[PDB]
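The listed protein sequences derive, respectively, from chains A, B, C and D.
Sequence positions in the first sequence follow the numbering used here and run 1 to 227.
Sequence positions in the second sequence follow the numbering used here and run 1 to 889.
Sequence positions in the third sequence follow the numbering used here and run 1 to 394.
Sequence positions in the fourth sequence follow the numbering used here and run 1 to 384.
Note that beta-carbon positions come from the ideal geometry of N, C-alpha and C, so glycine has one too.
Heads up, the thing below is written out as structure tokens.
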Amino acid sequence: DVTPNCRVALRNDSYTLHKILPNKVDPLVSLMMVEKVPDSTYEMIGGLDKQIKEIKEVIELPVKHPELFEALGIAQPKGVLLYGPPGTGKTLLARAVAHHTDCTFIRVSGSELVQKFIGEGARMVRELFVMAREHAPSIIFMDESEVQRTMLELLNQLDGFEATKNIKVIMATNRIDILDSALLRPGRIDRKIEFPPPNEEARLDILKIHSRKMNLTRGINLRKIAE
Amino acid sequence: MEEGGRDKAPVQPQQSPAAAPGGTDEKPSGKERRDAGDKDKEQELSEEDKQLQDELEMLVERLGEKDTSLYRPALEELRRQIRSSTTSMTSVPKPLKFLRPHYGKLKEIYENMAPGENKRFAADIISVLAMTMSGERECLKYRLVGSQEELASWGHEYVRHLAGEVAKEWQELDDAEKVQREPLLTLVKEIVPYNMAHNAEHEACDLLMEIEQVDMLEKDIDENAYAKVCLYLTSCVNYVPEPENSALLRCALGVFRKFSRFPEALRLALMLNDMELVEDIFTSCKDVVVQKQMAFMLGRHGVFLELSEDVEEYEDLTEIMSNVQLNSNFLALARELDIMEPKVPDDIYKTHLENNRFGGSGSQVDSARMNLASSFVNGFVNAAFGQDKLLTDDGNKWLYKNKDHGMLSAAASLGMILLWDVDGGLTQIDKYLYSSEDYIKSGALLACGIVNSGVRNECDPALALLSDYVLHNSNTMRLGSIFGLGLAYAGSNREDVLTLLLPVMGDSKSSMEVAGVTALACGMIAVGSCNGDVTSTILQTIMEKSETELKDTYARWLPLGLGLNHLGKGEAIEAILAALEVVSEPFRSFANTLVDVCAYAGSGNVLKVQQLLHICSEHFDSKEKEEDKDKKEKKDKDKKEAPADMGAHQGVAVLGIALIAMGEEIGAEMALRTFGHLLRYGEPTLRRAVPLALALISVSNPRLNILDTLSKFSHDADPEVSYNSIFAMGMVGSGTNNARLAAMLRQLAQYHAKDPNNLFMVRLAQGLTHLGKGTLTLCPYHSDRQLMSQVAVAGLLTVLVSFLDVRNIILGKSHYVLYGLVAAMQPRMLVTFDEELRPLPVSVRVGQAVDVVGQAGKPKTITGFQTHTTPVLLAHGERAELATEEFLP
Amino acid sequence: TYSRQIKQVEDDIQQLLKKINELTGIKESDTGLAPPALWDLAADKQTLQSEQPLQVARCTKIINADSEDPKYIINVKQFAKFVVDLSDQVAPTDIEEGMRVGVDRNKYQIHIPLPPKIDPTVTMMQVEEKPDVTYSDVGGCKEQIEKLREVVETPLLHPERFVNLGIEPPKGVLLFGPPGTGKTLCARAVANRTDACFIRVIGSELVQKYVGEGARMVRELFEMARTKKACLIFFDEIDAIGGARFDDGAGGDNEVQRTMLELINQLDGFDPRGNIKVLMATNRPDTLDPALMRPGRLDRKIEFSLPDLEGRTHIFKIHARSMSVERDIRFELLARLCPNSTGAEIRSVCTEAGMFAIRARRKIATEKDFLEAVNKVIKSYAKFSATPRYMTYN
Amino acid sequence: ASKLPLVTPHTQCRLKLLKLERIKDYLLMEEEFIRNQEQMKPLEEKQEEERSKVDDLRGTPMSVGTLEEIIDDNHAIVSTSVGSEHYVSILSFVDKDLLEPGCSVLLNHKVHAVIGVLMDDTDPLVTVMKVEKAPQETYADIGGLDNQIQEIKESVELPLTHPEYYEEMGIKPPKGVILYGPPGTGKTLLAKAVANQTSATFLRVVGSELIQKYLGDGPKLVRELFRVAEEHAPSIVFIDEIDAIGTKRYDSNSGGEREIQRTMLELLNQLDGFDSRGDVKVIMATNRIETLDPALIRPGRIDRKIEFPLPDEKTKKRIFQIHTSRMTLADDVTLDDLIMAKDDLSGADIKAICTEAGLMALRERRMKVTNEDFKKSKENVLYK
Ligand SMILES: Nc1ncnc2c1ncn2[C@@H]1O[C@H](COP(=O)(O)OP(=O)(O)OP(=O)(O)O)[C@@H](O)[C@H]1O
Ligand SMILES: Nc1ncnc2c1ncn2[C@@H]1O[C@H](COP(=O)(O)OP(=O)(O)OP(=O)(O)O)[C@@H](O)[C@H]1O
Ligand SMILES: Nc1ncnc2c1ncn2[C@@H]1O[C@H](COP(=O)(O)OP(=O)(O)O)[C@@H](O)[C@H]1O
Ligand SMILES: [Mg+2]
Ligand SMILES: [Mg+2]
């Protein structure tokens with residue numbers, strides 16, 4: 001019943017153990033909340049359906065059906081590169097997927113407020129994997145050179161040197177020609193997915209989803225405004 | 001599961017042995033031709049050791065066991081052929097037809113009749129056929145027959161010859177490492193009557209091989225490192241003629257016969273000394289064998305080479321006696337002055353340098369007992385021709401100052417200065433002898449017995465120290481004149497001056513410090529006969545020790561020479577002779593474990609060791625026989641130096657838990673001397689375990705017990721990096737561990753390892769393990785230092801010059817007649833081979849290769865190259881002749 | 001023969017060892033303590049004797065005294081400061097100022113003086129232990145061995161031949177050349193032969209994160225250095241600890257230079273180190289500061305270059321003395337094949353040339369095995385070879 | 001516990017019997033030797049009496065301390081957790097050997113005296129940089145190289161498994177091993193089969209992550225790293241991609257290249273320091289071999305230099321056979337057209353094409369992999 005990392009009640013005269021102090025926080029829920037990512041869903045996706053179908057193939061399948069790749073005798077993918085202009089749904093899709101398949105959506109920023117939960121110094125980034133394999137069905141997410149070396153240091157671990165599975169990384173950025181060529185090793189990246197700016201139809205449905213919570217007046221013709 | 005198809009062997013042997021009771025009676029042909037077709041087929045289908053899962057040997061006796069139990073017993077008309085077909089098939093699977101109670105019923109198939117010439121169907125196969133079965137014969141069957149029924153019926157008579165041809169089948173099939181299974185047949189066969197099987201396999205071994213003598217020869221000395229006293233009695237005398245009858249290697253005779261000298265018969269190695277004086281083959285091995293007969297494991301040989309051929313081969317004896325002893329001098333005369341040895345190194349006291357500036361100031365320690373150790377700045381550094389001209393003024397100006405036992409001590413250092421000498425060691429003493437002093441003359445004439453030690457030529461049979469003894473009137477003229485004669489003539493065994501010193505024991509003079517070292521004087525000379533020495537001791541023991549209940553002047557000195565007079569035999573007769581001799585009160589029965597275990601230095605008889613600790617374990621002993629129990633642990637200190645690493649781990653594993661940890665007086669007061677008797681070898685296992693109880697001085701005891709373990713802890717020769725440990729303890733030892741009782745003791749401790757850079761082979765293991773006295777001269781000091789009252793007055797006779805059997809250092813010596821060769825050597829770690837493959841890799845310390853008189857070291861095995869072939873002695877022995885030959889182009 | 005009979009008579013006593021050694025008491029594998037059979041000195045007496053009369057005697061630091069009276073000025077770790085007093089057991093002699101003293105928690109009076117602070121990262125770089133490197137093993141540069149050894153040990157082993165002649169021996173010496181030439185390997189024979197405090201220093205270990213941080217470490221190093229009488233201070237790869245001063249614009253490499261200036265001050269000026277000898281070694285000496293290169297700090301200036309022919313043959317006889325070879329090979333042929341070559345390369349050729357005999361099934365190398373080493377190590381690795389821009393030391 | 005290290009007859013002999021019989025009598029001597037002590041000295045229980053006498057010495061508020069010096073006569077200066085250090089004394093149940101500066105000890109609540117010592121809760125980074133299990137399959141997974149694999153077993157594995165061969169030769173194994181070539185050439189892939197094969201304690205570190213933002217934190221990380229490597233066992237230290245310390249500059253580093261330099265100097269010490277090194281092997285790998293300092297590459301620091309070429313086409317088909325071994329290949333395909341598609345394809349390229357083709361089949365829910373899968377697959381993999 002004595003758990004490591006648990007508060008206690010303590011008497012003061014002989015320091016006799018008194019009572020178990022409930023629980024305090026997870027070291028990931030704490031910092032994770034401090035970040036406050038805007039959680040998302042499929043129901044707020046504006047017209048990105050084939051992108052959904054691609055990312056399901058990379059992430060959804062080696063969770064619900066890990067044997068399905070043993071059906072083909074091929075290894076499961078590990079990494080996802082997402083690209084396109086900003087403001088194009090990268091964050092909400094990335095949060096959305098781990099939200100639906102219930103993976104521990106853990107992005108990193110390289111901030112220093114986050115740092116105190118990782119460790120006292122965390123001379124590597126690899127100390128994160130302690131919490132990551134502790135939330136083992138997890139997804140690491142990264143923004144747009146330190147991100148570039150960081151991802152490489154991830155993939156060098158999970159190239160076979162990490163045995164814990166269901167830990168998959170997603171980097172979201174722009175301008176794919178200017179990143180690393182060793183990152184552009186063809187055995188390195190499993191899939192790169194482009195995010196185009198919206199056409200007139202995909203400008204209409206985001207007006208639809210986004211127009212839900214407003215108090216409207218009858219008769220609008222959103223198509224014109226989408227044009 | 002692929003069953004069926006090829007089931008001929010679970011069907012037709014399921015048929016024809018089942019149709020054998022239906023085909024023994026009323027079917028005369030099917031009884032014998034199907035038994036023959038059962039014999040050649042179970043024979044042929046089980047000779048190969050690749051399919052040990054035979055198709056009948058684990059298949060037919062599911063019914064063939066009940067068929068055999070109603071076929072061999074229940075037939076009752078067994079003829080002369082049907083037993084040669086019956087018992088040749090039924091005796092083969094019976095180790096696996098039967099389970100673990102086969103052992104009472106191997107004979108219900110085999111002893112009906114052994115079918116013919118059983119090796120005819122045991123020719124190809126190694127051990128599955130019957131050799132395992134014959135091991136089951138000799139394991140249990142021959143043990144129950146030949147426990148008290150050796151001379152018996154078929155269970156011994158044919159079993160000798162069947163135990164002959166199977167033993168030749170070990171050295172018949174492959175000549176693999178299964179040859180060492182034949183000592184497990186000859187030995188497990190008739191354990192105590194080993195001579196009757198060694199007669200059957202000794203002549204067979206004489207016709208066996210000249211190459212397969214060495215690894216089984218080693219295997220036998222492996223089997224002779226330790227045994228019960230009858231098998232160490234028997235296997236070692238059967239061990240002797242194998243390099244004589246079969247082999248003619250013949251040069252490892254004397255040093256490995258020292259083995260077979262004391263337990264079997266003292267005339268046995270004298271008949272092997274005759275066997276030395278029969279093989280007059282050659283100056284080289286003839287020289288090198290008798291080199292060791294003087295100062296390497298024994299003496300008492302210098303009266304047996306004066307035959308009618310005194311030219312050079314029987315004038316070898318003088319060259320053995322002193323001229324190769326002069327080569328031992330010549331080591332220090334030539335070979336040590338070239339490497340580093342200066343006339344006065346002197347600078348370990350200079351190495352005592354830095355305490356004046358480590359933590360303040362100095363000019364503080366001014367004890368007169370410091371000058372006792374300052375005599376060893378002279379004395380210890382000056383062994384092996386460390387001769388000094390007016391560098392002896394630290395003993396000259398302290399020779400006329402105070403400390404009468406220091407007038408004994410500085411005069412007694414000079415014999416340690418002139419060691420192994422006959423030439424001028426009488427001339428150097430007389431320049432300081434004439435001072436008309438009881439204390440200077442007796443220490444100097446005591447050093448006269450030290451100079452000629454090992455010489456035993458005409459120096460003092462009754463010339464000098466007899467003139468020292470007959471001056472008798474008080475102190476050390478009476479005392480220190482009997483010591484050097486037992487010292488130099490300790491290796492002698494002359495009865496005449498033993499009877500010059502027998503009225504010293506039969507004098508019954510009240511000079512008890514003389515009468516106690518009298519037994520220590522006479523015991524060093526003889527170890528065997530002359531029970532009248534023992535009578536002379538025990539008579540004065542009854543006259544004086546009975547009418548008192550006092551100090552260990554009696555106990556440390558008087559029964560010890562009895563252990564010297566009855567050292568070295570496991571016969572357990574001498575325990576009856578001396579243990580029932582001084583039947584008495586328990587403080588004269590202090591001598592109960594003396595002569596018992598002093599006879600038992602190195603053997604295997606740990607049934608004595610259980611009667612060496614079961615009697616008096618603790619008992620709380622309210623200051624009654626803590627002396628008898630510290631002596632009872634003092635006799636635990638043999639049996640451990642030479643069980644070839646067997647009981648040394650069984651001593652360091654035990655005594656650290658038993659006595660020094662969970663003892664009240666034996667461990668805290670005394671029991672550290674096992675680490676000063678077991679070794680001088682040196683290793684960090686104990687070597688870092690003793691300063692845990694030394695650097696923690698634990699002064700609440702009589703702290704000269706721990707400081708008694710200080711210099712003893714420092715007992716190790718072969719100098720090391722331990723100057724940190726000892727000099728740190730003298731650094732805290734300047735202020736603490738008071739110089740009032742320990743100024744002699746810390747520098748005595750420090751100077752002890754570096755006596756000289758060399759001259760440290762003092763540790764009783766020559767060749768590989770044979771003794772070389774080494775105990776009669778060493779042991780009475782650890783007997784002497786039990787407690788107190790001898791760091792000041794009485795023990796200053798012993799604390800200087802107790803052990804002086806330093807049979808030098810090195811083995812790298814050419815000793816060709818020209819002496820122009822240097823060497824071609826390669827020193828290594830000690831070997832590890834017991835049985836291995838092609839030309840057994842000996843050691844693995846290839847990193848070092850030399851050619852000169854360089855160091856010996858403790859765990860070293862040394863070989864060579866260049867096709868020199870080293871044909872002299874080939875094992876060890878440090879005076880190889882080093883002949884050479886080049887039949888290898 | 002007695003297969004089970006040796007096995008279970010073996011096994012019941014291998015167990016019966018433990019079955020009564022639990023009844024001895026070695027058990028209850030701890031969390032940080034000692035053997036129960038050992039501690040029994042503090043059993044009934046020191047349990048209430050080294051405890052119940054014994055105080056805590058909290059240690060402090062003296063600020064200063066004042067005249068005519070003790071009236072001492074104490075200082076503690078965090079807390080305030082007092083006017084304090086001695087005990088009777090000590091004299092007011094060794095109660096000098098800036099000293100650590102043991103002080104009771106109640107009367108606040110002084111019990112015993114203490115040694116000052118040592119900063120144990122400096123304590124770690126005392127080696128305490130000697131390597132095995134023989135002067136026999138650095139053969140080929142014997143004049144450098146002599147010219148160094150006459151500086152290093154000869155006053156320490158004989159402080160009379162310099163005194164009675166009336167000269168003060170030098171104190172400082174650098175050792176330099178291309179890498180792998182035997183600089184560090186040469187220093188190991190000194191640390192072998194020596195006896196006093198041999199305190200080694202690698203300069204990159206002084207690279208600190210704070211300001212002045214390594215500079216105080218220098219000071220402390222010379223503090224405990226001045227405690228010892230004779231002491232040898234080793235400096236490896238001092239180009240990290242300083243090239244020179246070149247500052248321009250934004251202050252670049254400021255921090256290293258101040259520590260180097262402290263190293264200057266501890267070496268020369270105002271009643272110096274006395275009997276403290278130093279020994280630097282660099283790879284590229286051309287980067288070094290001239291005031292550092294001023295004599296009185298770096299007097300002896302030993303070069304290490306490649307051996308001519310005979311030193312190289314001697315190095316062959318060093319690394320090659322202890323390996324199974326063909327008897328009738330010659331090394332002078334191989335030294336002819338190695339003009340511009342270090343002894344590390346020679347050793348590497350020895351170790352590869354053994355591996356050729358290890359390749360198929362040979363016990364001793366041959367001459368052509370050595371030739372198989374030569375082209376691979378010398379000529380096939382000749383793209384790298386690391387030497388020539390270090391011959392000019394750039 | 002370590003009672004008798006001798007086993008050398010290894011047969012059914014009276015030697016091995018008499019061993020135990022001797023040690024049988026000694027162990028019975030220890031039994032009935034200690035048996036009389038409680039028979040005639042009950043006086044206690046001695047199993048918990050003296051033990052709870054120790055535990056009645058030491059109080060339950062056991063404060064956790066840390067050493068900073070030692071005076072031998074069981075008292076020293078010990079630092080508090082607050083920092084206000086004391087000069088307490090040390091007990092006799094402290095088994096005074098495990099006492100080094102900086103260690104955690106056990107103190108009294110009252111007089112803060114040194115009660116006991118404390119076992120240290122390992123280190124987060126040791127586990128982090130410490131590789132736990134074998135990553136993947138053996139050397140049979142690789143294919144095609146077959147020469148330098150003998151080189152790697154030669155310098156690494158054979159010293160481990162057969163320490164007889166160097167001793168009959170009079171030789172020590174080569175020290176440093178380095179790996180270089182084009183990218184994606186199986187450099188890390190060989191090290192995985194090494195990490196499969198070995199039993200030694202294995203460490204792996206990228207060359208990129210050496211660099212720090214604190215001054216000297218890099219070289220400190222090096223010193224504690226080699227501390228960790230030495231303090232464990234026959235250990236294998238691997239470094240990948242050591243060029244990245246010289247290629248890329250990062251603005252997190254406060255220092256410029258003249259801190260990178262000092263890092264490489266401290267590492268350069270740790271290759272070829274005067275201290276006794278021990279049984280640690282060094283495997284290095286990168287692709288830019290011409291860029292770094294050759295002073296680290298000198299013999300004495302690295303002995304073996306191993307290039308990885310591009311695959312020849314008959315080895316390519318083998319690598320296709322490996323990356324198509326367990327997969328349901330529909331017989332529509334011909335691998336030889338897939339070989340010569342790129343002249344200089346890597347072994348990463350083949351597996352990329354194969355796995356991506358499996359992704360294409362799993363788009364269409366299929367089980368076997370057809371020809372057009374490869375046709376559009378190499379369009380995806382190569383051309384972009
Ligand atoms: N004269 C020599 N004789 C034998 N071996 C040598 C000699 N010089 C160098 N070596 C070899 O070179 C290796 C490295 O020596 P050392 O560390 O002293 O090189 P260095 O000159 O200090 O250069 P660096 O500072 O880069 O190491 C050693 O392993 C040694 O075997
Ligand atoms: N010869 C080969 N046989 C089989 N697979 C190979 C081969 N070469 C490369 N691969 C595949 O390429 C992948 C990359 O291997 P690895 O990372 O070891 O190459 P690398 O040269 O170390 O790459 P990088 O240069 O990025 O470090 C491996 O997972 C492996 O499956
Ligand atoms: N397909 C979409 N549907 C709805 N909102 C979107 C979509 N794409 C972008 N947005 C809006 O853009 C923002 C998300 O930006 P995103 O592309 O996820 O990250 P980044 O801009 O950093 O790449 C959100 O506030 C979101 O409402
Ligand atoms: Mg160096
Ligand atoms: Mg790679």
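By Cβ distance below 6 Å, which residues in the same chain neighbour residue i in space, the five residues on each side in sequence not counted?
i	result
D:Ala193	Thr138 and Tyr139
Note down, in chain order, each residue of its chain lying with its Cβ closer than 8 Å to the Cβ of residue i, except the 5 sequence neighbours on either side.
i	result
B:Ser584	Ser546
Taking residue i as the reference, which of the options has the closest Cα?
i	options	result
B:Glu665	B:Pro702, B:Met216, B:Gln650 and B:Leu696	B:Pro702
B:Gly516	B:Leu487, B:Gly682 and B:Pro559	B:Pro559
C:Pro285	C:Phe384, C:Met391, C:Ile315 and C:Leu334	C:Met391
Looking only at its own chain, which residues have a Cβ that is under 7 Å from the Cβ of residue i, when we skip the five neighbours before and after it?
i	result
D:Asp293	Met264
D:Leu98	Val117
D:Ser252	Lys213
C:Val56	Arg105
B:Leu465	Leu445, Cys448, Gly449, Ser481, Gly484 and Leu485
Using the three-state DSSP reduction, which class does residue i fall into: helix, strand or coil?
i	result
B:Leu390	coil
D:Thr334	coil
What residues match up with residue i in a beta bridge as DSSP calls it?
i	result
residue 395 of chain C	Nothing about residue 395 of chain C can be reported from this structure: the residues present for chain C run from 1 to 394 only.
| message | Check whether the segment 248-261 of chain B and the segment 291-303 of chain B are in contact - that is, three or more C-beta pairs closer than 8 Å. | response | Flag = yes, the segment 248-261 of chain B and the segment 291-303 of chain B touch.
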